[PDB]
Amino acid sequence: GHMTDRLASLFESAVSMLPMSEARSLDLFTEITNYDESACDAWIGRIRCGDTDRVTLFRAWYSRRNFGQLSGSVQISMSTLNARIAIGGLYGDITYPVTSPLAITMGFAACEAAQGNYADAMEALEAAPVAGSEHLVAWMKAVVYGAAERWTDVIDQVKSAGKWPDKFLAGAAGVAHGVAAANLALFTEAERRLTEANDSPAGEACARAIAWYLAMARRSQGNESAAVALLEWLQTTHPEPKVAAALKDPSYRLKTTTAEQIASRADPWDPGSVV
């Protein structure tokens, strides 16, 4: 009624304000969600303004049946907001544009995986058909399983990646396959897959995991000068405390597991529970 008109006009203003001031747009999108917690489009607006609080992504997901309703009442396509969400998990820095509820699903699953809410992540992934986007769900499962160190389940999800349309995501999948191999002490396989994935369109987005796991594979095989060369490259290009630490200490090694060990977990989601 009166409130509908008010929220419409706040949304329209928020979108117009985006090139001028994300801070002011945020105030307006937040004013909408304060009055209507179900206003999916305004939760997405908040994400666009740099609000990636886990609750904001949860709310966008929870209100997903309202996607398009508020923006639609002022004739704005949600694609015009140019909101993006994180979907790379541990493998790389990969974002995806929020142009449909699929994006929200993927973002929510990645965020839940990061928080350790794996069943909730999986349940969101399986809540609806994916309608020509099977590879995207497989990718997100690889993210969720990887977060829980379920390396054999990662491989199950990405082993088919040669047949994916999206060559970027097929490349990312090769990184996941290589990381999973390394964590299972399949170091030669890890080196082949990570080297190939490095040539793909995902090589840059996944540069950190690619170099780290190559270095760890080389070190565990005994090839210390290769490991050091990769870690020196990392400290130059993507410096990090654990890279500095690994470069200074040759006993710094990847702790690996096996299919049998993963299967013996009292709780498959908990790498600490190996019986």
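Residue indices: 1-based, along the sequence shown.
The stretch 180-188 shows the higher mean C-alpha B-factor when 136-144 is compared against 180-188 in the entry. Looking at mean Cα B-factors across 96-104 and 198-206, the upper value is held by 198-206. When the C-alpha B-factors of 59, 65, 46, 219 are read from the PDB record, the largest value belongs to 219. Take 32, 211, 226, 26 and read off each C-alpha B-factor from the entry; 226 has the highest. In the PDB entry, a CA B factor belonging to the lowest third of its chain's modelled residues is recorded for residue 72.
Ranked within its chain, residue 41 lands in the lowest third, by CA B factor from the PDB record. Sort the modelled residues of the chain by CA B factor and residue 163 lands in the highest third. For residue 254, the recorded CA B-factor ranks within the highest third of the chain. Only modelled residues enter the ranking. Residue 115: CA B factor in the highest third of modelled residues in this chain (values from the PDB entry).
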